[PDB]
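K.L.:
Just passing along the structure, written as structure tokens.
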Amino acid sequence: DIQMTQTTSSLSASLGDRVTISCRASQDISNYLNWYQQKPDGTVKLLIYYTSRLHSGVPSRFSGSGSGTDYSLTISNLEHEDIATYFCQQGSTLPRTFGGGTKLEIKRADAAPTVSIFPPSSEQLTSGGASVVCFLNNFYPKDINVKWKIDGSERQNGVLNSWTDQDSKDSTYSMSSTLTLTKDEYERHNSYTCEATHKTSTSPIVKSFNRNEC
Amino acid sequence: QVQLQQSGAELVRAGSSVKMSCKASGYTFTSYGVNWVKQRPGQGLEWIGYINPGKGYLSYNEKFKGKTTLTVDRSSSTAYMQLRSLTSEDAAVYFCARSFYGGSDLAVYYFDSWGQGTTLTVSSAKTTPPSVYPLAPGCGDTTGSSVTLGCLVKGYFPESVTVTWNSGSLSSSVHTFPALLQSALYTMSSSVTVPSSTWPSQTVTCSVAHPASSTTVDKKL
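Protein chains in written order, with the authors' numbering: chain L, 1 to 214; chain H, 1 to 221.
Structure follows, in structure tokens:
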């Protein structure tokens, strides 16, 4: 079984750029290679087949290159409609196999995260346990690091994250990290800290609250 | 013309079975082959099998032979796929694609047409109503120029909940995060940013709606 490799999961690019997505098969597939586009939440379409032949209606901004195990997809002039995920498939051996995908996101100006930390609410506490929540909203780049400090020292193995894909309006990411505790684990420790680390800052962005200050 | 219309999404109990459809149109059905391809969320596509409708038979990815049955209704121009012994690892979107004319063994295949895909969700979990909590500002959080707020929606099954701030109004400054199913439970949350001195005056409420469990919750912050 031919192991198709897209050596990039995520590829960042700004409009008007030339972009090249690369595919690699575990073995010489004699240029029997196709590229499919899947749009953000949606359908797949064939761009290119037989390494470099364009499927009808695909604009000439796209182009295939390749021989033997190494193939490339090229997007001259990155347009807006090209933010999608591209996959390569082979067509020599059976099964027909595919690469894991590579998704184009858009480059925009550095954007700093607006984080916020919320205590457990009285209703939840009545219902037995308590979850602290931190929202890190509207940041670019996608590279953020987060940890919860509880009384100086950090705690993970309770924490549970949720990223959104790049926003379609303003090209930013947001995220919610939720610690989730029991009312007595919560009844110990006064400080609860959510701490963010990003490109746009050489300071750790700290957001804390004190349980008996409430 | 070429168009493929797949069946609607199915939620199903583990161990069961499911038959999907792919109404083909705009082309002579028997003349082209059809493939079923699945996608688990965060892995690539993978080919399940192929079937030519104008005589000749079929091929299968050998890891799917057994679970899978590829059949046809030449008449209605529909392709079907039947999965057996549904496991949670069978939860994925499923596409039927059409291969261009002339063959398959080596190429002449290449999927020139795709259907929108059908979503298989395998669960052995009964409808649970959401538990809407309101994420309010912390003590000591030293008075911003704007205020971020939220509602934590937890424990619900199935995954279609709708959060709405000020019953449709603050459509901007709203973030609706991915639900992340923990133990049978889906949990999601949502945030709203309003300028300071617009809150705790003017009153902000999040309305959560889970139609399966016939819920309607409104929590004001």
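Ideal Cβ positions, reconstructed from N, Cα and C, are used throughout, including at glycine.
(1) Suppose you measure from the CA of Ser131(L) to the CA of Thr148(H); what does that come to, to the nearest Å?
(2) Once the 5 residues before and after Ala24(H) are set aside, which same chain residues still bring their CB inside 6 Å of it?
(3) How long is the line joining the alpha carbons of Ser75(H) and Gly26(H), rounded to whole angstroms?
(4) Alpha carbon to alpha carbon, how far is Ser85(H) from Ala112(L)? Give it in angstroms, no decimals.
(5) Can you tell which of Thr126(L), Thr7(L), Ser174(L) and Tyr192(L) has the C-alpha that lies nearest to the C-alpha of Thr20(L)?
(6) Can you check DSSP and say which residues form a bridge with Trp35(L)?
(7) Since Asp1(L) and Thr69(L) are thought to touch, with beta carbons under 8 Å apart, how far apart are those beta carbons, to the nearest angstrom?
(8) In chain order, what residues of the stretch 104-124 of chain L put their CB closer than 7 Å to some CB of chain H?
(9) What distance in whole Å lies between the Cβ atoms of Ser30(L) and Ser72(L), which are believed to be in contact at a cut-off of 8 Å?
(10) For the beta strand (DSSP E) holding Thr121(H), just list the boundary residues, first then last.
(11) What is the DSSP secondary structure of residue 220(L), counted as helix, strand or coil?
(12) Taking the C-alpha atoms as reference points, what is the distance between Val2(H) and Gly115(H)?
(13) Going along chain L in order, which residues have a C-beta closer than 8 Å to the C-beta of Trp36(H)?
(14) If you check the beta carbons only, do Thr127(H) and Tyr94(H) fall under 8 Å apart?
(15) Which of the three DSSP states is assigned to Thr30(H) in this structure?
(16) Among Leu179(L), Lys142(L) and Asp165(L), which residue has its Cα nearest to the Cα of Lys149(L)?
(17) For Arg188(L) and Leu181(L), what's the separation of their Cα atoms in angstroms?
(18) Is there a Cβ of chain H sitting closer than 8 Å to that of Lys45(L), yes or no?
(19) Using the three-state DSSP reduction, which class does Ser177(L) fall into: helix, strand or coil?
(20) For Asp110(L), is the classification buried or exposed, using 16 other Cβ atoms within 10 angstroms of its Cβ as the cut-off for buried?
(21) From this set, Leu152(H), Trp165(H), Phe157(H) and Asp141(H), which residue's C-alpha is nearest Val12(H)'s C-alpha?
(22) Can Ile106(L) and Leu15(L) be called in contact, C-beta distance under 8 Å?
(23) Locate the beta strand (DSSP E) running through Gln5(H), then write down its first and last residues.
(24) Quick one: using the 10 Å Cβ neighbour count with 16 as the cut-off for buried, is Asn138(L) buried or exposed?
(25) How close, in whole Å, do the beta carbons of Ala196(L) and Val146(L) come, if the pair is a contact with beta carbons under 8 Å?
(26) Residues of chain L with CB closer than 9 Å to the CB of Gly150(H), please, in chain order.
(27) So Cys214(L) contacts chain H; which residues on that side make the cut at Cβ distance below 9 Å?
(28) Quick one: does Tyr186(L) have its CB under 8 Å from some CB of chain H?
(29) Tell me the rounded alpha-carbon separation between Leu78(L) and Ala209(H).
(30) Identify whether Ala92(H) lies in helix, strand or coil by the three-state DSSP scheme.
(31) Note down the Cα distance separating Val206(L) from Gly155(H), rounded to an integer number of angstroms.
(32) When you compare the CB positions of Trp36(H) and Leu58(H), do they come within less than 8 Å of one another, or not?
(33) Please list, in chain order, the chain L residues whose beta carbon lies closer than 7 Å to that of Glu10(H).
(34) Under DSSP, the beta strand (DSSP E) around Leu11(H) begins and ends at which residues?
(35) Any Cβ of chain H within less than 8 Å of the Cβ of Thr102(L)?
(36) How big is the Cα-Cα spacing for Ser22(L) and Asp184(L)?
P.N.:
On the basis of the coordinates in this document:
(1) By one-based count along the first sequence, residue 131(L) stands at place 131. By one-based count along the second sequence, residue 148(H) stands at place 148. C-alpha separation (whole angstroms): 17 Å.
(2) On the second sequence, position 24 is the one that residue 24(H) refers to. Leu4 and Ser77.
(3) The residue you call residue 75(H) lines up with position 75 of the second sequence. The residue you call residue 26(H) lines up with position 26 of the second sequence. Straight-line spacing of the CA atoms in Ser75(H) and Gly26(H) works out to 14 Å.
(4) Along the first sequence, read from residue 1 onward, the residue named residue 112(L) stands at position 112. Along the second sequence, read from residue 1 onward, the residue named residue 85(H) stands at position 85. A straight-line Cα-Cα distance of about 48 Å links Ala112(L) and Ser85(H).
(5) On the first sequence, residue 20(L) is found 20 positions in, with the first residue counted as 1. The candidate whose alpha carbon is nearest that of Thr20(L) is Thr7(L).
(6) Along the first sequence, read from residue 1 onward, the residue named residue 35(L) stands at position 35. Paired residues: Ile48(L) and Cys88(L).
(7) By one-based count along the first sequence, residue 1(L) stands at place 1. By one-based count along the first sequence, residue 69(L) stands at place 69. Contact flag wrong, Cβ pair sits at about 14 Å.
(8) Taking 7 Å as the Cβ-Cβ cut-off against chain H, the residues of the stretch 104-124 of chain L that qualify are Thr114, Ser116, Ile117, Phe118, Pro119, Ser121, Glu123 and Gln124.
(9) One-based indexing of the first sequence puts residue 72(L) at position 72. One-based indexing of the first sequence puts residue 30(L) at position 30. Contact between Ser72(L) and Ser30(L) is absent: CB atoms are separated by about 16 Å, not below the 8 Å threshold.
(10) The sequence position of residue 121(H) within the second sequence is 121, counting from 1. Annotation for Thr121(H): the continuous beta strand (DSSP E) segment containing it runs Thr118 to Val122.
(11) Not covered by the structure: residue 220(L). The range shown for chain L is 1 to 214.
(12) By 1-based counting over the second sequence, the position of residue 2(H) is 2. By 1-based counting over the second sequence, the position of residue 115(H) is 115. Using only the alpha carbons, I get a separation of about 10 Å.
(13) For the purposes of this step, residue 36(H) is taken as the residue at position 36 of the second sequence. Within chain L, no residue has its beta carbon less than 8 Å from that of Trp36(H); the closest one is some 12 Å off.
(14) As a position in the second sequence, residue 127(H) is number 127, starting the count at 1. As a position in the second sequence, residue 94(H) is number 94, starting the count at 1. Result no, Cβ atoms of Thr127(H) and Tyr94(H) do not sit closer than 8 Å.
(15) Translated into positions along the second sequence, residue 30(H) becomes position 30. Residue state, collapsed to three classes: helix.
(16) For the purposes of this step, residue 149(L) is taken as residue 149 along the first sequence, with counting starting at 1. Measuring from the Cα of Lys149(L), the nearest candidate turns out to be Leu179(L).
(17) Taking the first sequence and counting its residues from 1, the one referred to as residue 188(L) is at position 188. Taking the first sequence and counting its residues from 1, the one referred to as residue 181(L) is at position 181. Their Cα atoms are separated by approximately 11 Å.
(18) The sequence position of residue 45(L) within the first sequence is 45, counting from 1. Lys45(L) counts as touching chain H.
(19) For this step, residue 177(L) is matched to residue 177 along the first sequence. Here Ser177(L) sits in strand by DSSP.
(20) Walking along the first sequence from the start, residue 110(L) turns up at place 110. By the neighbour-count rule (16 or more Cβ atoms within 10 Å), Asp110(L) is not buried but exposed.
(21) As a first step, residue 12(H) is located in the second sequence; it is residue number 12 there, counting from the start. Residue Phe157(H) holds the alpha-carbon nearest to the alpha-carbon of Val12(H) among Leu152(H), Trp165(H), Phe157(H) and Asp141(H).
(22) For the purposes of this step, residue 106(L) is taken as the residue at position 106 of the first sequence. For the purposes of this step, residue 15(L) is taken as the residue at position 15 of the first sequence. For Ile106(L) and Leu15(L), yes; Cβs fall inside 8 Å.
(23) Taking the first residue of the second sequence as position 1, residue 5(H) is located at position 5. Counting along the chain, the beta strand (DSSP E) containing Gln5(H) begins and ends at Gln3 to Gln6.
(24) Your numbering for residue 138(L) matches position 138 in the first sequence. Here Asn138(L) is buried: its Cβ has 16 or more other Cβ atoms, across all protein chains shown, within 10 Å.
(25) Within the first sequence, the letter at position 196 stands for residue 196(L). Within the first sequence, the letter at position 146 stands for residue 146(L). Yes, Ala196(L) and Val146(L) are in contact; Cβ-Cβ is about 5 Å, under 8 Å.
(26) Here residue 150(H) corresponds to residue number 150 of the second sequence, with the count starting at 1. Result: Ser116, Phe118, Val133, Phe135 and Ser176.
(27) Translated into positions along the first sequence, residue 214(L) becomes position 214. Correct list: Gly138, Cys139 and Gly140.
(28) Mapped onto the first sequence, residue 186(L) falls at position 186. Not an interface residue.
(29) On the first sequence, position 78 is the one that residue 78(L) refers to. On the second sequence, position 209 is the one that residue 209(H) refers to. So the alpha carbons of these two residues sit roughly 40 Å apart.
(30) Counting from 1 along the second sequence, the entry for residue 92(H) is found at position 92. Residue state, collapsed to three classes: strand.
(31) Here residue 206(L) refers to the residue found at position 206 when the first sequence is read from its first residue. Here residue 155(H) refers to the residue found at position 155 when the second sequence is read from its first residue. Looking at the backbone, the Cα of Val206(L) and that of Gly155(H) are separated by about 29 Å.
(32) Taking the second sequence and counting its residues from 1, the one referred to as residue 36(H) is at position 36. Taking the second sequence and counting its residues from 1, the one referred to as residue 58(H) is at position 58. In this structure, the beta-carbon distance from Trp36(H) to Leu58(H) does not fall below 8 Å.
(33) Taking the second sequence and counting its residues from 1, the one referred to as residue 10(H) is at position 10. Within chain L, no residue comes near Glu10(H); the closest Cβ sits about 19 Å away, beyond 7 Å.
(34) In the second sequence, counting from the first residue as 1, residue 11(H) sits at position 11. Unbroken beta strand (DSSP E) run through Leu11(H): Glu10 to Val12.
(35) Position 102 of the first sequence, counted from the first residue, corresponds to residue 102(L). For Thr102(L), the answer is no, since every Cβ of chain H falls outside 8 Å of its Cβ.
(36) Translated into positions along the first sequence, residue 22(L) becomes position 22. Translated into positions along the first sequence, residue 184(L) becomes position 184. Straight-line Cα distance between these residues: approximately 52 Å.
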